[PDB]
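This document opens with one chain alone, in structure tokens, the form deposited in one PDB entry.
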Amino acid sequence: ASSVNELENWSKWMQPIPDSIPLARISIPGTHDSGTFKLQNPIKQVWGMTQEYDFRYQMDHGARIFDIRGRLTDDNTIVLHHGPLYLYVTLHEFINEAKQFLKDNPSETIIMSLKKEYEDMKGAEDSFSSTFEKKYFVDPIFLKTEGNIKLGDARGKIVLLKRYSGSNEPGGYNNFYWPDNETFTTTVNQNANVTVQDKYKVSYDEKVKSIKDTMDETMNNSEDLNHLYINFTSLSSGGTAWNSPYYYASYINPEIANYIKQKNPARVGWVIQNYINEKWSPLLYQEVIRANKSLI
């Protein structure tokens, strides 16, 4: 029906968006350190938890991008980690969850970002990349197309955003530089450029500015279909005393959500946040999705 109302369905919001629009152009809600939701021990919670609900919950709240951090085991499987902390979640669990969501809502697509979080468990046969490629990537859900991937091709599939080196299988978005604690720009492939604001471990003030300035850039460089803009709102600092990603998220989330609503942009980019829920005032993920009214 191509109605703007259809964006209101957090479980089917990409449905109204045209097939020819590059994913890069679409404004997408995403979560940071997505697999940290099973942590219960208060110490590991004030240190590693960045989400409080599961993968399926996150997706039903609009999230389509996932920050998956892996670790190679002796059993030659990949499990989710957060630093040296074993998250009681596996890659199979995530993919399993992604497939069931895509089964229910085939109009949707989920973008999976994969990074190696901790060193290979001494005893594994293969390396991290080959193990991921032989055992998992080989599954059909994974889109094997490259370039400036469009919505139409990715529908009902999982698009990879490689954040590991050593790939030997075409598919998704190639791996790229990505320097530590910074905002930068590079080229993914021959059909796409990237701009990433990933200033984690920085002052609350410097962070908010960095988010807003990167968002202003995308706001004005809106129609540039060949440009990726990944804006991380997530922020971590020396916790153990109200300095947790949770304290920051409670402020930054409504802050940015309002900023979006107020500005009413045509493009906000790929906004990767911590703690996706229904507690904060304006709702970040909702404003990000609504900014796609432009494409309709």
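Start at 1 and count along the sequence shown; that's the residue number.
Just so it is clear, the following notes concern the form deposited with a small molecule bound, a form of the same protein that is not shown.
Student: Have a look at 126 to 134, 71 to 79, 88 to 96, 197 to 205 and name the one stretch with heavy atoms inside 4.5 Å of the small molecule in the entry with it bound.
Tutor: Selected range: 197 to 205.
Student: Using heavy atoms and a 4.5 Å limit, would one call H32 a contact residue for the small molecule in the entry with it bound?
Tutor: Flag for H32 set to yes.
Student: Does any heavy atom of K212 come within 4.5 Å of a heavy atom of the small molecule in the entry with it bound?
Tutor: Contact with the small molecule, no.
Student: Is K115 close to the small molecule in the entry with it bound, meaning a heavy atom pair under 4.5 Å apart or at it?
Tutor: Close contact exists here: in the entry with it bound, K115 approaches the small molecule to within 4.5 Å, heavy atoms only.
Student: Taking the shortest heavy atom distance, is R163 within 4.5 Å of the small molecule in the entry with it bound?
Tutor: Although the small molecule is absent here, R163 would touch it in the entry with it bound, with heavy atoms inside 4.5 Å.
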